[PDB]
Protein chains: 2
Amino acid sequence: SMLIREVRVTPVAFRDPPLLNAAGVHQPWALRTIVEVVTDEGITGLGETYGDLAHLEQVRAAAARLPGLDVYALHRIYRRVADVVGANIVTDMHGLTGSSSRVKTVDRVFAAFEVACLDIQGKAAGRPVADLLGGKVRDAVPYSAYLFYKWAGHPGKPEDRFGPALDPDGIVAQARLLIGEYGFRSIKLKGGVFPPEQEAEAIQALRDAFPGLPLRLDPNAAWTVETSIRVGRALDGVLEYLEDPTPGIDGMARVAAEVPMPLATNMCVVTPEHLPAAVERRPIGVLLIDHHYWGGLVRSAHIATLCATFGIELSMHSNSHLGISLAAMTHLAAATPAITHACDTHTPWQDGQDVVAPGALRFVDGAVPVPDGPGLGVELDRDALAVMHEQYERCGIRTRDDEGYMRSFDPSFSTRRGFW
Amino acid sequence: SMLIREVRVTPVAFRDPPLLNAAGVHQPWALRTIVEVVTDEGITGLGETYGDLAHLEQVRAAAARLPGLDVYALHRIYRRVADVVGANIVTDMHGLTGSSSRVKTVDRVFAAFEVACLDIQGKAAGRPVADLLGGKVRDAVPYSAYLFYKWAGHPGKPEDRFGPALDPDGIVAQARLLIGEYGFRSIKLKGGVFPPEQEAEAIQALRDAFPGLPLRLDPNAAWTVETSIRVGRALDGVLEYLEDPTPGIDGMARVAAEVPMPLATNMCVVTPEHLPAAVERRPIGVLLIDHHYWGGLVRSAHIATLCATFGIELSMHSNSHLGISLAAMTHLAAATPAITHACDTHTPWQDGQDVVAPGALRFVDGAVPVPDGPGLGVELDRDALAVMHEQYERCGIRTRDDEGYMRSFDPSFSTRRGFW
Ligand SMILES: [Mg+2]
Ligand SMILES: [Mg+2]
């Protein structure tokens, strides 16, 4: 039958190091919302989405209105989510995934349920979710090493095992650590933190220390058009791609026409309404897809086809996340021929924290093998979920705010947008 | 397990009346190829594609190379088809579905297998194919009445029950007949047969006889740009859309900018490589999708999303076909929010001929209810299949050739392309 009997919604918080970015610095707790869909038959599916309060409220509201719907009825579930969301538009405090909009809000709320319904469908059919998307075309999905400038620890808290990284030597050392542990064969540096000249230096140091590894640089729109063109030209032959150097479709397109490497985004093209203007102006050669705000795995796959058709290559964006998201990202990437670049992930930074069981997701030579077995291939660890929910209850954070947190230390700071 | 054990490929021929079009006249037999996929477990799926010899040869070749592959492994099946097809490009004799190309050839061969694999997946899960595409968003799929100018019968053969239609009165009478039987609430006229002024007259006669019913006119590119603009303007406020008035993206875009109704095509945009040029020039407001040459139901659904995003509405193209195709068309349309116009079908012209059982596909008030039960919801009638295969064996036709057939009667005829 496969009617939804109940939907359990659990906000969670987990530890995050002081990773610097254009919007400030990550807070000591990152938030997520875990969704568990249960059918009248007792088959369960998992999904995972943002933990910000306004989003959480919508997810709760939508979840309350899904019982009685069938898990194959994704169009109808999507319409029900759209009804709950109405014209409410949920906007985050950092802008690092671009502008908010109605459709993006609906897609963000829908995605945790869609992923859980696909998990259930996979379980019913006894197949991995990748088989629901046409079957895996690769056995394992390569991920990049996501490097950050960072403090040694959060002020007023213990220093972490990763150490500080505030110049090229530190960044190279961080890379050795991550590549040594996970085997990553691609490297991404989060920029927009230091003057561009210093971040270019870090990129060069990485190229020298790791010959042959594709490199990416992402200042989250911290640069002007002129600065972007200077840096792009100065990094000729070094970057796989330059990600969001400058804000806006117009600025991005102007940069793209004057630098030698392709530009990528997860800021100026973040919902389907953006695509026609993007095809016309060509601000990018590479779109980072993200099922968490493009509306689930199936909608993401549709956009992948659309991109390939217009000659836009695909990569994948990440936000701090747990293993349900990692499993979903991996089945999506494994089953989508057009996702050809290494995917981003924050996984190393969460240092083993998770709400699923241990032996399903592993990195081997920088890549995650598509899970064995039905559905997502992961199993909820209910005690770990309880532990993280208790942390959410007393962590004192309810909405991600990198900028507010940075301002607690430097009152004059503001999110860097066309700043250098 | 769901490994393909065998694939049965059966060419069939069935009776077709002398329907006139820009390329001449339909021959007395229409050809199709029926595909039946059988898993190691004995679960069967059906697909249906063109019967032209060169296509049939590719379908046979591909079918021989599918055993051992899993029915969920659609990406891998697609790659295997691409391997079999190589750089062979199969081109038909009439051009009524636009130019041939490698991808289109691969998609045409792949589609009969994809539809059969989805039928099997639906059977395994006990769900209709529409549930594999997100669930039906409408209970029944509206179809148009497909009107043709036609002779009373094929020369040297018995006249058919439909009668001749060679002027506006005849066309209106044909419409009364079809609408009376099937309940169609939209009307399409096949043109490019008579001078445009006479076909415009038929369109006007239809509007007067059937107030409120959307009307379409399709001359299959028989007109020049100037003639197209004249007719378009003369039919202001009458047409839902004007379909392929003139050949080529350039000509279509020039017409589209000077006529009051949207243009549609199944000739200048017929494979994904066409879409970027189409988005740039805007030759159309409406694309007729057709899973038989866009590469199956899932790929068709992807293109539907792409169209909606760029503001191109969707309709559906038909070629003479049987109930496996009708079932597939109906599940696709029912599960695709963007397919909003009535779909085309040749069903009435086949006057009950079919290779599936009787009680699954019916027209009620012009629309086909999505079938009840698992998979496509149709059951092969093996005796009917044998009957039509025996007809193929002795029908003396191996490739559709409307133009050659018309030339047997009028040696000076040539397919009309920018002729009026
Ligand atoms: Mg980015
Ligand atoms: Mg047409």
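First listed ligand is number 1; within each ligand, the first listed atom is number 1. Only heavy atoms go into these numbers, but all of them, side chains included; no hydrogens, no water, no symmetry mates. Just so it is clear: chains get the letters A, B, ... in the order the sequence lines come, proteins before strands, and each one is counted from 1.
Contact of the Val25(B) side chain with the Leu20(B) side chain is registered, since non-hydrogen atoms from C-beta on lie closer than 4.5 Å. A 4.5 Å side-chain heavy-atom check between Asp92(A) and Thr97(A) finds at least one atom pair inside the cut-off. Taking 4.5 Å as the limit, every side-chain heavy atom of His94(B) sits out of range of all side-chain heavy atoms of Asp401(B). Taking 4.5 Å as the limit, some side-chain heavy atom of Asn266(A) sits within range of a side-chain heavy atom of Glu243(A).
Evaluated for a ring-ring contact (aromatic ring centres under 6.0 Å, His included) with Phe194(B), the options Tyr149(B), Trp223(B), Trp420(B), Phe419(B) yield exactly one hit, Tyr149(B).
Within the cation-pi definition used here (under 6.0 Å to the ring centroid, within 45° of the axis), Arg108(A) qualifies as a partner of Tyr50(A).
With a cut-off of 2.8 Å, the protein N/O/S atoms near the Mg ion (ligand 2) add up to 3.
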